[PDB]
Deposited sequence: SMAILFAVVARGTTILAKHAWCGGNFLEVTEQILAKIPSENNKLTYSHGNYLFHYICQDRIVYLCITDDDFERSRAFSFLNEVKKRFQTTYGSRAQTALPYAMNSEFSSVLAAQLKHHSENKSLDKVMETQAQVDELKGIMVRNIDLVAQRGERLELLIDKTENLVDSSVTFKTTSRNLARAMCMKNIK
């Protein structure tokens, strides 16, 4: 059971690449997360049920992941900074105008390799990252108007 469940790279509400390792309503949740993210540089964690959602937005690109609530934020943010560094190096400014999923056939496997790596088990850089990354609650809406929960199935894929 890898504790990092899902990850994406997005600009605005447009997802450029994604990867999940099991089944769940990740895109439904993720799309409602994206629409709340200011396009100015920022970092944030939302706590929701037994999960946490984390991203970094930088130079308009959002690097986001969803994890169990017992994976340390340091480990999460390091995952994201690593994904980002690769994304930035490989695609540069292309990401500014890319269409939906344009990076997905190339990068989702990079996302998969890093998610695996970072999910399998220190430095001070990594814990000081966390300084001023607030933790917040998030209002998410289900189909019939009630509170939407992230509902996954670890049995899958």
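In this chain the deposited sequence has gaps in the coordinates at 122 to 128, 165 to 189, listed in sequence order.
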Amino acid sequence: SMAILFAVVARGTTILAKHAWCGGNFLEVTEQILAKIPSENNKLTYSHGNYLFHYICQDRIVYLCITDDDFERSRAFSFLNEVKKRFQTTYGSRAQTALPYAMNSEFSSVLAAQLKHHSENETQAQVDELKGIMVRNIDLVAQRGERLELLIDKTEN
From here on, numbers count along this sequence of modelled residues.
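For the segment pair 96 to 104 and 126 to 134, the entry gives 126 to 134 the higher mean B-factor, averaged over Cα atoms. Per the PDB record, of the two stretches 59 to 67 and 84 to 92, 84 to 92 carries the greater mean B-factor over its C-alpha atoms. Among the modelled residues of the chain, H54 sits in the lowest third by CA temperature factor in this PDB entry. In the deposited entry, the Cα temperature factor of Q32 sits in the bottom third of values across the chain's modelled residues. Among all modelled residues in this chain, the alpha-carbon of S109 has a temperature factor (C-alpha) in the middle third. Annotation for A20: CA B-factor lies in the middle third of the chain's modelled residues.
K43: CA B factor lies in the lowest third for its chain, per the PDB record.
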